Amino acid sequence: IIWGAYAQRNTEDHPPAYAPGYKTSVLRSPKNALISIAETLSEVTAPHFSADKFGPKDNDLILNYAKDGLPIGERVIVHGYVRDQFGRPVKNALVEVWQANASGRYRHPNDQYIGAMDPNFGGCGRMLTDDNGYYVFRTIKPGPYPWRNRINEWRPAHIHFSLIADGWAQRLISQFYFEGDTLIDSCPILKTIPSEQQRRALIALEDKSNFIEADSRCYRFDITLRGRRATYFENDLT
Amino acid sequence: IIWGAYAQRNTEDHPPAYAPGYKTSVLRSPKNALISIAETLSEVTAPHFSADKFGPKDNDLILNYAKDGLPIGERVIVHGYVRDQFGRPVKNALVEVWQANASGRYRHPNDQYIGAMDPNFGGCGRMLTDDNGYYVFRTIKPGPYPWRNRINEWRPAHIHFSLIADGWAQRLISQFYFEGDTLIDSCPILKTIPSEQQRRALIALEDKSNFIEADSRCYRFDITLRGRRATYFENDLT
Amino acid sequence: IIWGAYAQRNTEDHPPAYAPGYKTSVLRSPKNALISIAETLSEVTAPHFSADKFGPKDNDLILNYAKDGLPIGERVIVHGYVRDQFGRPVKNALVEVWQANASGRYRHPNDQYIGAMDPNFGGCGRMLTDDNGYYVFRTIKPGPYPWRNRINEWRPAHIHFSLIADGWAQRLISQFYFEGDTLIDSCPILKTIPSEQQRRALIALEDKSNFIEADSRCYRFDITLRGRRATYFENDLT
Amino acid sequence: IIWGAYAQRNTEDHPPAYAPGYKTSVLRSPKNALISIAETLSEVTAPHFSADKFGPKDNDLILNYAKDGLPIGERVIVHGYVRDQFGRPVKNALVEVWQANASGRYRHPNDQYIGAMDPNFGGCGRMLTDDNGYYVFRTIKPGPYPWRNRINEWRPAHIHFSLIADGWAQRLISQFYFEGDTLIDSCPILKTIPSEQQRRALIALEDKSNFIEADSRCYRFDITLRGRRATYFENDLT
Amino acid sequence: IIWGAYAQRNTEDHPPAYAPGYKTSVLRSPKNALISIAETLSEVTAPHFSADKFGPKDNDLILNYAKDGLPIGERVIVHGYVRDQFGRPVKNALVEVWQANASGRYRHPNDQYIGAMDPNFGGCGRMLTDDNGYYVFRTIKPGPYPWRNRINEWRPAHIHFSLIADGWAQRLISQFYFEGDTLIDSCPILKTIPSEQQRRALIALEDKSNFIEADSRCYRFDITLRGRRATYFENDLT
Amino acid sequence: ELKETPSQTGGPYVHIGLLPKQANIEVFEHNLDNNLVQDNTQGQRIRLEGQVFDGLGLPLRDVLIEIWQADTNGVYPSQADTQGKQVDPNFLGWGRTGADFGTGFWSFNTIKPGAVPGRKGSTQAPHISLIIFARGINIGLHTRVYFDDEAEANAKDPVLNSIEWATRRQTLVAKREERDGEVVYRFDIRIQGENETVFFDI
Amino acid sequence: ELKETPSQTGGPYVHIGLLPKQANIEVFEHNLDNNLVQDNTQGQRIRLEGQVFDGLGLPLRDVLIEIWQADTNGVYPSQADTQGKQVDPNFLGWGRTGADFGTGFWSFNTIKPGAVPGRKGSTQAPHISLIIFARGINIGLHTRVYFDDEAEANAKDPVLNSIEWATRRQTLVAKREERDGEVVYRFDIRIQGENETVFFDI
Amino acid sequence: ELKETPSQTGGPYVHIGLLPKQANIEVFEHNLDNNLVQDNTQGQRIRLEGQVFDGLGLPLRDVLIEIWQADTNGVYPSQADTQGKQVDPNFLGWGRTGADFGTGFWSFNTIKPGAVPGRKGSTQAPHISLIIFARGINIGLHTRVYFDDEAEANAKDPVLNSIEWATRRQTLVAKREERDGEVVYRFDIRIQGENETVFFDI
Amino acid sequence: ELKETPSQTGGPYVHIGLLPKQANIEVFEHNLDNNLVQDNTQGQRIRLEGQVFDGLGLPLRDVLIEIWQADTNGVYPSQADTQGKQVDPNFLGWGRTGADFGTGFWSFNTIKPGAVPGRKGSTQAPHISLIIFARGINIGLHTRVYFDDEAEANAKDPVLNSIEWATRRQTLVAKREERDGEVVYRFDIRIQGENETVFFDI
Ligand SMILES: [Fe+3]
Ligand SMILES: [Fe+3]
Ligand SMILES: [Fe+3]
Ligand SMILES: [Fe+3]
């Protein structure tokens with residue numbers, strides 16, 4: 001199989017750059033349209049991260065920063081599969097996450113929210129998907145938190161995630177939420193996404209059969225990246 | 001107005017004593033039917049609790065036990081009204097609550113759940129409703145937690161509440177949950193309640209307009225107790 | 001009761017500043033997002049207008065400017081209640097109105113519309129709501145009128161109204177229309193409002209039982225202003 | 001992959017122990033609730049049965065007991081797949097079946113039903129699923145038969161089946177029926193199962209494309225056993 | 001796995017031999033019923049075509065006959081999978097196609113249609129499916145064309161295809177159409193097929209994500225051939 | 001008309017959340033307990049104690065018990081009391097307690113209640129209303145405690161006589177005992193099985 | 001809970017219907033104006049004036065302006081003021097005006113406001129709340145006017161510091177000028193474009 | 001995710017269809033039985049026998065019983081066993097039997113199992129997993145058989161201690177007896193009523 | 001076919017969660033940074049630095065930047081590179097960084113990339129692919145950095161020539177400077193307004 005270029009990103013399945021509902025976007029969105037280009041090796045290539053560099057607890061946010069004891073909060077496991085738009089599993093892709101603690105507080109002097117800090121929680125993790133595009137990490141369920149869009153704006157609970165896979169064109173950063181969270185319906189950031197079906201694509205589903213008794217709950221969340229088309233005739237990529 | 005007896009408790013709006021789905025009930029439920037009695041002063045009377053005894057932080061679970069700092073978790077305010085079945089407000093009724101911390105852990109050596117303990121959280125509060133039957137307390141949103149009914153049983157997040165009002169016949173203890181919590185649909189305890197409408201009567205609703213910016217979220221939850229009928233003819237209560 | 005701040009204005013229930021359909025808004029709308037601020041005494045306070053200053057006919061647009069005779073047009077009474085978003089009546093709020101005459105002509109040399117002027121009609125009135133937030137004024141039903149948005153643009157019949165209540169944050173100016181007016185469906189100004197339910201919130205309803213025989217018809221129109229939340233814990237307003 | 005424990009058996013997808021509709025269960029059902037335990041090696045292990053022990057006709061109920069000629073009745077082939085609740089095929093699991101003959105008569109002096117005995121039919125078979133969890137046996141379609149629950153009770157046609165797979169926790173015995181059999185709707189035993197969807201899970205479907213011309217009809221029937229969860233963090237099984 | 005015979009062809013999923021709507025069939029359809037036979041090696045066997053014989057451009061109808069330049073018309077890629085009725089991929093099956101050019105004109109002195117001939121288009125191609133039953137060829141989208149059934153009869157655009165796979169019983173010739181073509185609804189030939197679902201089974205679907213930018217559009221079209229049943233008991237094929 | 005809020009079990013921690021002090025959770029300065037006797041309270045002091053057994057005969061160690069009673073003159077310290085008589089000003093009439101995590105015994109230090117008026121000019125024998133809360137109990141179980149030394153009054157008691165199974169009436173009568181100088185009434189509650197205690201729907 | 005009545009533009013005649021007197025419509029005996037200074041009002045009198053420009057740089061001649069401010073001691077003549085301090089009895093704190101149909105200038109005769117308490121024990125620099133209504137403006141635009149001679153206080157002002165773009169803070173600071181003996185603060189409002197005035201959602 | 005195939009009773013002929021040989025149905029050359037002891041099997045041979053009684057105290061004569069156990073060293077002849085220890089090569093660990101149509105007694109000839117690792121580094125007392133199938137039993141009933149001569153180990157057994165009703169733990173302990181030279185463990189199963197055997201949901 | 005997971009802003013903490021080390025969160029032993037130069041890396045070292053400005057001309061101090069480039073010979077350290085040439089074994093080609101919370105400058109220590117093959121036998125001028133993430137940016141913004149000392153090559157570059165507004169092509173060309181002995185390429189990114197940097201949809 002000789003691979004061609006990645007399928008075109010469907011701009012309609014993504015939030016526009018200018019979304020007045022999300023205020024900060026008003027001054028950080030280009031006024032000019034994005035210039036689409038035909039892909040070259042620069043776009044279809046991406047870096048490789050060796051597993052040797054990853055620590056044993058990089059994907060365990062419950063323990064990778066616990067000092068005296070355990071972080072306070074809901075013990076949850078999150079797993080899922082990373083596939084490309086054509087169903088192919090994405091192997092050895094770097095998945096990085098960051099989140100707030102159970103109070104909705106981020107570990108940084110910038111975050112002045114009254115929600116309490118947890119001395120045993122960092123809020124950062126990372127992993128490499130396996131040969132089946134499978135990923136799994138453990139953490140504390142992040143709490144929602146206020147922010148100033150409109151003075152009383154509140155982000156539903158969420159975990160920020162980033163992916164670097166096989167092609168630079170696949171580079172993606174997003175946020176996933178937890179099923180049932182009522183703040184999901186009122187979030188200006190989540191509402192920057194045009195379709196209802198795409199909004200729901202960011203909701204991790206409770207995976208009850210995979211709860212670990214007397215220990216942790218589990219959420220299932222799958223991620224889909226852009227995929228490459230195969231070439232059977234002219235190969236103009238080069 | 002000369003008050004008569006409390007209206008009959010509608011057994012169909014309550015869980016039966018025997019509910020095999022909730023295992024512990026199998027041996028702690030009478031096999032004989034409850035004997036209904038006509039009410040006397042013993043049933044229509046109840047104790048009075050003076051406000052003088054209540055401390056300034058009895059209804060603030062965020063601060064009534066904070067030692068070094070604040071408890072870890074989601075800052076939430078819960079308020080609502082207590083009325084009798086005929087819409088009349090219940091004045092000066094003692095409302096007592098108890099709950100787990102953000103990890104789903106209760107402050108007691110009995111609870112051996114791995115969920116972490118919070119040194120700054122007690123989990124107990126109490127208040128007296130005002131002349132409008134209104135009540136309000138602040139706390140940390142309790143986290144769900146495992147228990148052994150079936151090894152992998154999990155209680156949705158909840159706050160236990162108790163009420164002592166005007167009549168002993170109104171004595172009631174129950175639990176309320178939070179809107180959107182997916183564990184609500186699978187709970188054997190909540191499912192001991194026959195009707196779907198009564199199950200929903202125990203769900204606190206997100207009250208977004210009453211969220212306090214950059215501080216706390218709010219839930220609205222109303223409680224209904226049995227009411228007394230007025231007597232306009234014979235008064236056989238005595 | 002110690003009052004806190006006014007609930008956040010729900011920007012989605014109001015027209016955006018930029019509405020290209022209403023041409024004049026293109027150059028009179030900020031390009032920057034509104035900066036939301038936490039409220040202070042400056043925002044929760046407002047002026048008081050003593051009833052002593054109001055004349056006996058200030059709320060009677062049929063007679064407050066009649067010189068030789070009565071104004072030509074449909075005799076209508078308009079009343080309703082002003083409440084805050086939580087149902088509380090707004091007491092002693094200044095309600096000011098202004099409108100065109102029966103021809104759709106405003107009393108000013110600027111208005112050059114061929115619709116005839118009425119020497120006995122002014123088109124201005126004002127009142128203070130009572131302790132129940134109730135208000136009532138009498139006038140002539142204003143006629144629709146052309147304007148230049150698109151050369152053949154026509155405003156449905158309307159009465160402009162303004163309110164100064166308890167808090168500066170409640171300051172509001174708007175327009176209400178009359179039930180059944182077909183121009184309502186085509187108005188670019190009314191269509192600046194996003195939801196259909198909010199558009200209908202500006203339509204005065206025919207109140208047939210309150211028509212005064214052989215005299216005047218009546219319309220019912222209620223107004224809702226932002227409301228204050230009560231504070232039961234920290235009071236950071238000051 | 002390090003395997004953990006089997007997912008919890010969902011008691012709601014199975015008949016309760018006490019089912020008064022099925023009379024014999026009244027005295028053979030514990031009055032105490034089942035005690036759920038966390039799994040150990042005892043529960044996740046199970047015996048292995050070597051294929052060497054199985055005879056060439058163990059899965060052919062038409063010939064494994066034919067003496068003088070062939071058994072009387074409908075020649076049918078039954079096949080399907082055995083998977084765990086997560087879709088994984090169950091390999092080399094012992095599947096044992098037993099049934100009545102075409103008259104609804106079981107080969108045993110206990111069965112005194114007037115339905116005629118077949119000298120060339122035994123009614124017992126067994127097999128091991130392959131690497132794909134696939135199984136296939138041939139037999140005579142069993143006839144329905146009367147039994148005494150209520151004097152005129154009749155079991156729809158059925159084949160009893162048993163499975164011993166990878167874990168003792170998967171041990172399961174049940175009965176499957178044939179699509180279209182009208183007795184299915186009136187069976188007290190089948191009705192011990194709570195949900196309609198689970199009842200239908202026991203109905204073998206006519207597999208017309210797999211009928212063997214001028215020979216035998218075919219039914220498709222899949223079986224689902226409990227599955228094990230994988231462990232990626234603490235492995236407390238040991 | 002010991003293979004048995006091919007499943008019976010379902011005559012109801014195919015057009016009958018006699019279809020008066022398609023005139024030419026009136027004299028070229030047997031009046032006697034087809035005699036069904038039990039299969040032998042003659043029916044389950046078929047020829048093998050080595051890939052060595054196929055030229056590099058046999059599956060590229062755009063270039064396999066271009067002399068001076070490129071053929072005129074819509075550049076389209078057509079791909080899909082060939083499976084048997086049980087989902088198994090058909091490997092190394094000979095797929096041959098033939099079609100008209102962009103004018104609806106076939107390259108042959110017989111075709112006297114005024115639609116213009118294309119000196120750089122042949123209209124013939126062939127390929128062998130891979131191990132996944134996948135096939136792919138490139139061509140010019142054929143134009144519809146008139147024919148005499150009823151003087152004004154028009155065939156929707158189509159590509160004729162033929163398949164020789166593993167068994168002679170699978171021999172099949174048909175035609176596929178392009179999604180959206182309005183002539184599809186009026187074609188007497190396509191309407192010889194009884195069911196609407198089978199008619200739609202001959203429509204190639206626009207595969208937008210597989211369009212090649214600034215080059216060619218793509219259509220997805222899957223083909224299903226009859227499948228063989230496996231034998232686990234008597235093998236009378238021989 | 002609204003429906004009553006549905007009951008739910010107090011859960012495994014009800015005897016902890018409603019008696020924080022005794023669980024070493026010092027959040028309240030003034031804590032509610034099982035001592036209804038104040039220095040100026042009138043009437044003869046008595047100790048009410050017993051155990052609650054499940055269907056196996058095992059004492060529950062996670063039960064929460066509350067009692068409601070009238071003062072020494074049969075008057076309830078409640079605004080709902082319409083007897084027109086003054087109530088003992090130093091009596092709450094209510095108390096709450098749990099069982100010892102080990103022994104399983106629960107108890108209250110109170111006063112023996114005076115007779116209270118029944119319906120239609122009748123007179124009720126002295127009694128104490130008691131309610132049981134605990135894990136596995138979906139709705140608080142109501143019952144009454146009568147005293148065996150009040151045989152004459154119990155015989156004419158309306159509620160006791162409303163129980164048609166005369167044999168079950170005795171499950172509501174506590175036994176008087178005297179440990180040195182203190183009067184103790186033993187009252188064991190059996191939720192299920194033989195001699196199952198009578199429970200009321202009040 | 002109810003939703004707020006939706007806003008609508010004041011329209012081309014808002015500065016006429018809300019200031020009838022100045023449009024030669026004498027319907028009211030007592031008319032509201034842009035003069036907040038009464039003979040006994042305390043504080044130093046000042047004149048607040050400026051213009052409102054659209055996205056083209058053209059002054060709006062159909063704008064209606066209102067201001068809300070505290071007295072000379074930073075107390076609002078409002079029952080909602082919880083400072084426990086007495087307010088200037090001769091000060092309404094509110095005023096309304098339009099722009100001259102020709103020049104386009106608007107103005108108010110008022111007093112310079114005293115500092116008002118901010119949230120959490122903070123102190124706000126002296127300011128005047130101002131709102132803009134007009135044709136093409138769907139919702140009244142809120143803004144604040146601070147004074148340039150109060151540099152020290154403005155630097156510590158909570159609202160001004162909540163504006164992360166320090167460069168826009170200056171659009172809220174009026175400039176002091178002295179015409180003979182009168183103190184004038186020039187404050188121009190730019191609705192769109194460069195140096196667009198900051199607008200608040202209060 | 002799929003749901004587990006719903007259980008159904010084995011029916012009145014389960015002990016016949018799963019033990020054809022003993023019902024005079026010679027279809028299989030190699031038949032499964034209740035003898036887990038092979039000539040080279042290690043460990044001390046023991047006989048496990050008892051009866052199964054219904055709610056009336058009557059022995060079931062149509063019950064089918066199977067047991068699962070580890071070898072003499074506490075290792076299961078299963079690929080799922082992760083102890084890294086070798087298992088007795090001459091031990092199936094599983095057996096099946098029915099009750100005598102007359103007496104009602106069932107039995108197995110096996111070896112006494114060695115201790116097996118419990119969860120979290122714990123150690124389970126020697127036990128045999130047993131399951132009951134029969135007419136009237138909708139789902140196979142799981143239970144365990146412990147040995148009375150292992151008092152010390154049973155006391156520390158995790159599963160036995162997970163049973164909060166200490167009085168029911170004994171229903172899982174079989175009694176050792178010695179008929180001449182053979183060691184026999186009597187284990188009676190009571191499905192309903194007094195001394196009802198503990199059943200697990202594994 | 002599935003749809004791509006919808007993008008969302010990295011949020012106000014993206015430059016903290018993806019660079020924990022620099023936010024004093026020591027969770028990882030091996031941390032990713034903005035240094036693509038290893039001791040054995042080939043090519044001439046260069047420093048790439050600049051700032052990102054919003055629509056007001058203010059530098060973003062919460063932006064996260066990543067770059068992707070080929071080695072000194074124009075070969076990508078990626079399995080997707082089909083040039084058949086060997087890549088510098090000591091070069092990751094990728095780097096990540098944030099801006100200084102004060103100054104607002106971001107930078108990378110890397111090598112100047114060699115020319116990479118373009119589509120249809122063409123040749124691309126040396127470039128570095130760069131992506132911008134930050135609060136207010138809903139989808140990572142893609143752009144390229146070309147070098148001004150490569151005028152000859154940039155003129156024939158396919159991507160640069162695909163931009164029909166020749167005047168915008170220059171926003172993608174960084175300027176070479178030499179601080180003492182080090183070669184520095186200044187590249188400022190303007191998200192909105194005049195001289196708005198060209199952004200690609202790749
Ligand atoms: Fe609880
Ligand atoms: Fe108007
Ligand atoms: Fe049967
Ligand atoms: Fe966040």
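Below, chains carry the letters A, B, ... as their sequence lines are ordered, and counting in each starts from 1. Hydrogens, waters and symmetry mates are skipped; everything else that's a heavy atom, side chains included, is used. Each ligand, and each atom within it, is numbered from 1 in the order the structure gives.
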Given A:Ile173 and A:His160, is the side chain to side chain contact (heavy atoms under 4.5 Å, CB included) satisfied, shown in steps?
-> CA-CA 8 Å; A:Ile173 282 188; A:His160 297 276; over 6 Å; no
Is any side-chain heavy atom of [X] less than 4.5 Å from a side-chain heavy atom of [Y]?
X        : Y        : value
A:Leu183 : B:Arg217 : yes
A:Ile203 : A:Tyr219 : no
A:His158 : A:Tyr145 : yes

Report the protein N/O/S neighbours of the Fe ion (ligand 4) that fall below 2.8 Å; do not count waters.
->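 A:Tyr106 OH, A:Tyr145 OH, A:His158 NE2, A:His160 NE2, with waters left out.
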What residue among C:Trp147, C:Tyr106, C:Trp98 forms ring-ring contact (aromatic ring centres under 6.0 Å, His included) with G:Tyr13?
-> C:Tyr106
Describe, in one word, how the ring planes of H:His15 and D:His108 are oriented to each other, choosing from parallel (under 30°), tilted (30 to 60°) and perpendicular (over 60°).
-> perpendicular
